[PDB]
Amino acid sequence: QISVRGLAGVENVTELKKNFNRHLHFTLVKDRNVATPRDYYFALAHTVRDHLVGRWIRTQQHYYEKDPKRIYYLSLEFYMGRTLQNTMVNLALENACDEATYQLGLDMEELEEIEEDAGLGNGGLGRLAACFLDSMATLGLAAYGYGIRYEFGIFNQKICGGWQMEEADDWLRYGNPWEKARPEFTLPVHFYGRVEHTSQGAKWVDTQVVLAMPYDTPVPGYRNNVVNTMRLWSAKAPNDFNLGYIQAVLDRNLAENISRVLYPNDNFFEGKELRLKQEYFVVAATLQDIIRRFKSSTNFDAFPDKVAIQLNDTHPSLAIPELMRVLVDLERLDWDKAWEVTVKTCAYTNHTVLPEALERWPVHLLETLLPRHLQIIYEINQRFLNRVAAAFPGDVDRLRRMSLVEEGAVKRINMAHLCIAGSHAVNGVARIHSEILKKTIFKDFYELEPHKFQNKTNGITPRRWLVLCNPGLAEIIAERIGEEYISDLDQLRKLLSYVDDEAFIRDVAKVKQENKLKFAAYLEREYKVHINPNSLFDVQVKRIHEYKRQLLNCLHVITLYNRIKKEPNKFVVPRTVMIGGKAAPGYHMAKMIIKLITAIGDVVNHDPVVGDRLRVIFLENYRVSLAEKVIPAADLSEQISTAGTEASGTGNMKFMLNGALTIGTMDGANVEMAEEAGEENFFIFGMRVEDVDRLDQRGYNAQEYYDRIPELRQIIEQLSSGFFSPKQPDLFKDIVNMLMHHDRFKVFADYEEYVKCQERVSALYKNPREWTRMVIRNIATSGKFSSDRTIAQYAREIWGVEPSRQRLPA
């Protein structure tokens, strides 16, 4: 049908058709009179997976012969989403399968809708890990993702009476065709026990043993025949475990609970034991596998030439003491040499500067659960503090600020300080975020070791985030400039010579109109909701957090409503305002924000005076597959975090790539986006980082904005007096109180400038042609934000390996 989707050759189509029937019969044990759409989906998933394996086996074989340096990406989160279409795209099977399934009388798109998301992450950090695996495979790196096979991923979100309800994400109910269990590669992981000192060194004994069983999932590169591996560990009890006989069998669940469920608290730290167990489990099973693969190549001097381990934040920070542990206690290297190897092996990426997000584990926890690792940590700290003492003699305050050990009420290990001490590189995730690390929370460490600190601005994969979700935009691009930009996104710059091209203008706008039509219809079919597709689609989708200021969006929405009520017969650019995102289950404030959003919708969507000029929708269960649908449909992208709080963001990049304009603050990667497109092609408003600092110094008094801004005061009074909650007039007292007395994120300070900049957007929107030319200028400068660029910078500047676009043979 469309060209970027590949060839439907008659040999290929005929082959797909018969493999499909074979799987239906043999694998599913169904015949065509009993099959449901879910059987058909499985039959196609099995047929497409058959194309991977040849390539999978030979990619692994190729790495055995060439023995290149191996990259290990350790993360507790891989936010994968659906695998079927992505696999078709990367293998160039998409049109062939479309054709093969049409001939069998099936609609492929309807079958794609049946696949569950692999929701093994919370948001930005887990999705970054997914884009990275894709980019790594596309660039030919010998790279392995390592994580945990959670049995339940991020919860499904249901809204009842406008409140979030959580329900278990049972993503494996029907099976996962993509994974291959490898119980033959099971490995023991130890917990508890005690430390014994022999003549022959320290020994860790009387441990409980949990088994780690790996499942491998293939990661196909883009059309290069590379298939890398994502290995996820599952927890299993050993067989002599506890060994009521009955009760003993039933208590095997205590061990297996380690991999049962993903923790849904993203931007707040909770020091729960089960969480620490998950962190150690993935780090211990992974390092053993790494060391085993290395030994099939005594001399650990070569280890850092053959291994890079990247830590995705501090979740796997225990890789550092664990690698020391294995090198010192089991392989008998001396301390200093083991340390050299560790530092040269490990690298650490930080993803936030929010104080309450940072991991700080109570010492009494580590002491009970990992008593050897605590000893190793104390020894690391001591040697580290002696380098500090020797470079800044007499600076006793530096010593306590830099310690890995925090003193106080309860002593804590600062996991971030551990990663910096034990890694040869530390990077932030956007230029401004990396500068902030150097000037604020890691200032001391940077003064000690300036050479460790780097920036690697985030990116997203253009395979999923353009080709897969937005085939019509990919197609009109490919008409003018060819297909090569899919693996070289810098080529989109060539689109700048089409900015005054009348045909391209009409085509970019036609694709947007189509995506909006399609999405309007998805709203009606699957959630009974009536939207005007001629309205500007104003979208804010991301996890619910105070720093992300969905509340500021709320205020703008209420202002627009109050302006319509004031002058009903005046023309306004109509909008559909959509906000979506999950709240962490114990984050009371986040839950209240969701409730306000739906309460505003209850009022606004039913005012006959408003008409179809303003709609407010809460998008339920935002997740990767919902992102693939709403992002192509958006006109306006809301990225409106308080300057200094969003480390990077990556949603912002999805929307720039798919033809929405951006309203936001100079935060995170928004700064680099504007700088690439030009400040004129972006809607920038609000305090910069410097202005926030000036405001903290003097004190933030919210009362001042409330006294000086009549439109703000009216909204506050409405909130307080029960305008949006007629039956519980005081429903929202916590929000108003927070806004008035302890808003760490200064919602009111950005309010005026935000409302004003929002009028500039409505004005541009009234002139379709100039709106579209600005779109074109965004899409055309979006190339820097490809995760291929990102990964090639990690490869060259941290891992010491060269990317490669060369095909392996088919």
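Note that the rigid core is defined as the largest set of C-alphas that superpose within 1.5 Å between two forms. The first residue of the sequence shown is number 1, and the count goes up from there.
Between 712 to 720 and 259 to 267, greater CA displacement relative to the shown form is found for 259 to 267 when the structures in 6 other deposited structures of this protein are fitted on the core. Across the other entries compared, none leave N621 without coordinates where the residues on each side are present, so it is far from a third. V343, present in the displayed chain, carries coordinates in each of the other PDB entries compared that cover both sides of it, far from a third leaving it out. Missing deposited residues between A168 and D169: none, as the chain runs unbroken there. Going from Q703 to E704, the model skips none of the deposited residues; the chain is continuous there. Checked against the record, the higher mean CA B factor of 308 to 316 and 193 to 201 lies with 193 to 201.
Two stretches are in play, 730 to 738 and 174 to 182, and the higher mean C-alpha B-factor belongs to 730 to 738. Looking only at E672, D707, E115, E322, the residue with the top Cα B factor in the deposited structure is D707.
Across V34, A45, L764, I776, the entry's maximum B-factor at the CA atom is seen for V34.
When the CA B factors of the chain's modelled residues are split into thirds, the value for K17 lands in the highest one. Among the modelled residues of its chain, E797 has a C-alpha B-factor that falls in the middle third according to the deposited record. In the deposited entry, the Cα temperature factor of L24 sits in the middle third of values across the chain's modelled residues. Annotation for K756: CA B-factor lies in the middle third of the chain's modelled residues. Residue-level temperature factors show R401 in the middle third of its chain, judged at the C-alpha atom.
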